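Here the Cβ positions follow ideal geometry from the backbone for every residue, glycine too, while neighbour counts run over all protein chains shown. Read-outs: derived from the displayed coordinates by stated rules, not from any lab.
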Ligand SMILES: O=S(=O)(O)O[C@@H]1[C@H](O[C@H]2O[C@@H]3CO[C@H]([C@H]2O)[C@H]3O[C@@H]2O[C@H](CO)[C@H](O)[C@H](O[C@H]3O[C@@H]4CO[C@@H]([C@H]4O)[C@H]3O)[C@H]2O)[C@@H](O)[C@H](O)O[C@@H]1CO
Ligand SMILES: O=S(=O)(O)O[C@@H]1[C@H](O[C@H]2O[C@@H]3CO[C@H]([C@H]2O)[C@H]3O[C@@H]2O[C@H](CO)[C@H](O)[C@H](O[C@H]3O[C@@H]4CO[C@@H]([C@H]4O)[C@H]3O)[C@H]2O)[C@@H](O)[C@H](O)O[C@@H]1CO
Ligand SMILES: [Cl-]
Ligand SMILES: [Cl-]
Ligand code: NA
Ligand code: NA
């Protein structure tokens, strides 16, 4: 064995195979290499007959492992062997392990690959490293899937239906797969992931120039590897997360930095990345944005109201579209009858063309003067207002539809034909916004703006155009928000609509939501519930009880999203949000989410602590449970210590009225 | 133009293409052939270079159409042409169109196919027939996906969040796909499907011997056919459902019977199929089952209670398993404190071996005399009782695991290696049940039994073993239930746990739950909610408010499924179900669901009529809505007319207690 050594870590590298264990010396925990096949890496490539296989690079014909410096090991995997015995001559992989001399940090990097006459695709490296042993380690995998989840490495008590779906998923394909970085679907929103047990934690931060995928395996024994062979898996149930380097696409540095934290968990992991988020320039705090624009202070304690009039999907849709007098009346009722002190009114359906032509203010709905009357009223309440804007759609039912604004690829093929809301080439979108946004700001006296779709993901293609649009919007110094967002857009916006959870998502039945993104960025970006899954809808992510309680735990604002005809049905939830979530949201708005803990064995009772001096304890399940000190938290209940010393206690109640 | 005609239908067969249209002469409606490509059928097959190809069989070299009887037309499609212009020489498809001489019924049958040197896979025939024009036809597709759904052929008002997901789904791949018959996952539970508008309805009933798949297309314009080419779809948005004949697997008669109903909708389709269901022998009424066993009358008004002790997943799991004294105390509380008059108590965790060895009664939990004490108490209340039973699992964590009880496929490979709950070959399962089920019945004095997993689906492979098991369980004249069920199993059981909805399923954001299965079978099988998605859990299918109201509309019973530690949290929902659902369930238990209607434009207000004389109106949305005569139904409210004329009204309310 080769040993790299500093004060905190022992790195033990097998010179025959290239596998390495990591001894974290403060706690004595040893992270093993691949417990299944002793594979340092898993390479996917075509063979001589062109079919693609995955090989264990530790079975390569030649393996060179050598220490070059006191802290650097070079590894070369030369001529891998296929399962039949055929050799991929001319194929090689070079990697490096680099131990930091002072900190508990190990950089792992794929530095070179060579294809021969073969084609290389995926490299899992390190392969199945830093695993937890299911039901031996008590801990979790930590995954920034949108707002974030953890995946416990052991079976625990929970509701009988959830228990069945949980355990069953760890024995089928629901517990294995891959996730992509920086999208608004199923993927990750921060470039890191980790595992921890009762002794120590390890996380890995992907290099800023790279875009691997992340393979996950949640308590699965690898039966998926053997189902096509029709034999039973001989492996142990483990938890692992692996980087998937896309050798056929990766232009960046294929480097991941591992950080080892004794006695840490997902909270410690988030704070480690938070330092890295600042160095990368993503972190622009809400206090800095408030210095630049005092109207940012209209956000703390505001309910986000989406009034959906069938637009952008349809112009003047019968039964859905609102008149500007109706908009005015809804705003007035929210203030005068419902006594909402602070609100963000987002009117979806104010223009008579389809997006991306966000003009003119629709005459059929009342015209500019009546929209201005509604906006004037909201401004007199101190509310923020914005119309719906988007500069990326190109809709089939728009009479102005044109492919002139769409992007084509090298073959001349239209891109995004199957994604109507994101069809305009971003290099056009500042110019599309320039057509009317300034006329609308000037005429209505706007103090805020929401822009949708364009900033929901962060992909390389078109990012220059999107940055241009972002700079142009931010140059107005309005309180501005955007749909979903990503960390890269944090410097340009004050709030994100979303950054919570999809309803149907990989891992939903074998993970618990954790406020991983807000553990990093709550000080820098305010977020609200997503409009497709608002706090007034009952979905896989809960009803109003669960969603209101989680809002306070996680530090996001209320979203009430509705068609106008629904308004009277919203009053009770508007009032409950006004009385419970809004004061807490107002107090914690600018502060750091310092810690989050799960207090019950079924993870339903949680405690969050904010640097404003606020503590939120909530119980997302139906039975009351006791925590430390004998204090009992009711089902769908809360115990909130406010900065002013008041202790808000109570719970949600469902009652049956039988006339 | 070749014409088949009777008094009600005119069948117009084009003799160049083989496409046909059906004029329904009462209403004047013309059901069109494939509006996109004018394809009579879509054949998937390998080419000369072995690549999979989908061809329009109406472009074959030779097409022969001829009247071979007065009401029979024979069609033959010879030598299909690939997209590159090469000919699949020696491939032929023969079909027959047979018009009933009297009724509005048209048989369509694939009679012969010959592959030559190619390999045939799938045949949609008829292809894209009986379609609806999106936003012109105002009707729906009717799909018996589990309990059943309808998919409106137009956009309509609904909550803003649901509206965005709905409309967006009609433009991406969520609105196209295929479903399979008779599984417990995403599939169909009855072998029929259909479309209707304001003028008439058509449904196709699949031959009892065949097993096609069902292709759906819900208001999609076919962009999925063009994304890889990078061009915009030139086709119109439509709704269609096609049979997919699996030519490489199908050994049955590939026939579908189309029935035409002027002025009909999904209710009429279900009643038509009800006749065919009685003809096939699936239909055995609950009244006949009650005459054979009077204990069936312990089911009306009963709440189904599943006490989940971490079994069958684990034996004696800490924090989850219940002792038999604790079971006794739960039964005592449900009766004495919660005043539940009728109940089916189902205890998951009474044996000390893993299924499929359902014995002995666990000593660790207290032993036979303590389980007997608990079961005797429930019997003294009039409750039904069953332990958890399953004869199909083969678990990795069972010390008795063996592959000797598993099935192997034609290659000798183990089957269901990735499906642990259904690994035992059905032909072994009766012998496994024989090992203890009779002793448990005799010792405990049982009146009831539930058997799980084995009858959740109906597959051709293993049906003799399953039927052998069902005949064995049915021999004891117990009130017996099974998990999920299928129409084929209705003769052998009194109740199904399930036959409702998956949480995450294709078409969930573009369909509405409709009681299709119960419109057929409510008189012949009682169903209750699914244990994975019980009425006490908040899921994609709703909260307790939504699920209780839908229960009364659809005619199913309440399911409360809980770990023992949750029990105090169940009490409010048990009491609401006791007071609201149980009386209605009791009165409607034996009757026919005569009709179901959607009364609001957003499909949230619904009305169901039972032949008991009971009318259930309910509002599954948050805002009060008015129906005919100005009657207003509150949000999450109900209006019920009982058999004795009395009127029940009320609603659920969520409120916030703050100390
Ligand atoms: O299609 S799925 O079966 O659901 O598979 C998904 C996943 O694809 C999803 O990714 C995103 C999450 O919802 C959408 C699905 O397509 C995706 O988000 C959408 O992306 C758009 C940008 O391209 C928009 O942002 C869109 O939301 C905006 O556009 C219109 C207008 O107004 C609204 C909206 O109605 C506004 O919010 C947004 O919803 C699939 O890729 C993956 O394989 O699995 C997933 C399963 O859940
Ligand atoms: O895996 S998915 O992502 O959900 O893809 C599904 C679909 O796979 C599903 O099919 C069934 C529906 O839930 C299960 C998923 O695997 C399937 O049901 C299970 O089938 C078993 C019988 O074979 C059992 O009936 C099992 O329920 C029993 O087993 C244990 C023990 O006790 C409980 C249970 O815990 C009892 O209910 C049942 O859950 C996939 O096949 C299809 O292709 O696509 C779908 C995507 O939605
Ligand atoms: Cl959240
Ligand atoms: Cl239901
Ligand atoms: Na700003
Ligand atoms: Na029976």
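Here r is the Cβ-Cβ distance between residue A:396 and residue A:644 and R0 is 41 Å; the resulting FRET efficiency, rounded to 0.05, is 0.15.
Helical content alone sets the calculated 222 nm signal of chain B at -5500 deg cm²/dmol, taking -39,500 (n - 2.57) per DSSP H segment of four or more residues and averaging over every residue. As a calculated quantity, the FRET efficiency between residue B:112 and residue B:279 at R0 = 30 Å, using C-beta atoms, amounts to about 0.65. Helix B:544-554 axis versus longest C-alpha principal axis of chain B: approximately 60°, rounded to the nearest ten.
Take peptide A:637-648, look around each residue's Cβ out to 10 angstrom, count Cβ atoms belonging to other protein chains, and average those counts. Working shown, then result.
Working: counts 1, 3, 1, 1, 0, 0, 0, 0, 0, 0, 1, 2.
Per residue, the average neighbour count from other chains is 1.
For A:192, A:166, which order do you get if you count the other beta carbons within 10 Å of each Cβ and list the fewest first? Write down the numbers at each step before the final one.
On the way: A:192 25, A:166 22.
Arranged by neighbour count, lowest to highest, A:192, A:166 become A:166, A:192.
Remark: mean inter-chain Cβ contacts per residue of A:594-602 equal 1, using a 10 Å Cβ-Cβ cutoff to other protein chain atoms.
Relative contact order for chain A: 10 percent, from Cα pairs under 8 Å spaced at least 6 residues apart, divided by residue count.
Computed from label points 7 Å out along Cα-Cβ, the spacing between residue A:82 and residue A:439 is 6.4 nm. Maximal additional length on extending the residue B:89-residue B:611 stretch stands at 182.1 nm, based on 0.36 nm per residue less the C-alpha distance. Across the identical copies, the 7 Å label point of residue B:372, projected outward along Cα→Cβ, sits 8.9 nm from its counterparts, in ascending order.
Ordering B:9-18, A:363-372 by mean Cβ neighbour count within 10 Å, with the highest value first, yields B:9-18, A:363-372. Taking Cα atoms only, the orientation of helix A:324-336 departs from the longest principal axis of chain A by about 80 degrees. Label-point spacing at residue A:410 relative to the other copies reads 4.2 nm, in ascending order, each point sitting 7 Å out from Cα along Cα→Cβ.
Packing here is the average count of other Cβ atoms within 10 Å per residue, and on that basis the peptides B:265-275, B:49-59, A:218-228, highest first, run B:265-275, A:218-228, B:49-59. Simple spin-label estimate for residue B:364 and residue A:103 gives 4.7 nm between the two label positions (7 Å along the Cα-to-Cβ direction from each Cα). Separation of the range B:170-238 and the range A:289-322, taken as the distance between their Cα centroids, equals 37 angstrom.
The long axis of helix B:160-169 is offset from the longest Cα principal axis of chain B by roughly 40 degrees. Using C-alpha pairs below 8 Å separated by at least 6 residues, the relative contact order for the range B:286-592 is 20 percent. Let me know the Kirkwood hydrodynamic radius for the range B:242-308, please, with Cα pairs as the basis and the value in Å to one decimal. The Cα-based Kirkwood calculation yields 16.4 Å.
Each label was represented as a point 7 Å from its Cα along the Cα-to-Cβ direction; for residue B:229 and residue B:476 these points are 6.1 nm apart. One equal scatterer on each Cα of the range A:300-590, no solvent, Debye formula: the resulting log10 I(q)/I(0) at q = 0.10, 0.13, 0.14, 0.15 Å⁻¹ is -0.52, -0.91, -1.07, -1.23. For A:483, B:64, the sequence from fewest to most other C-beta atoms within 10 Å is B:64, A:483. Across the range A:512-659, Cα pairs under 8 Å and at least six residues apart give a relative contact order of 18 percent.
Fewest Cβ neighbours within 10 Å first, please rank B:27, A:655 accordingly.
Details: B:27 17, A:655 11.
Ranked by crowding around the Cβ, least crowded first: A:655, B:27.
Peptide B:531-542 shows a mean partner chain C-beta count of 5 within 10 Å per residue C-beta. Distances from residue B:643 to the same position in the other copies: list them in nm, one decimal, shortest first, using label points 7 Å from Cα along Cα→Cβ. Its label point is 6.4 nm from the equivalent points in the other copies. Principal axis extents of the C-alpha atoms in the protein assembly as shown (largest first, rounded to whole Å): 87, 78, 74.
One quarter of the convex hull surface built on the alpha carbon atoms of chain A amounts to 32.3 nm², the projected area averaged over directions.
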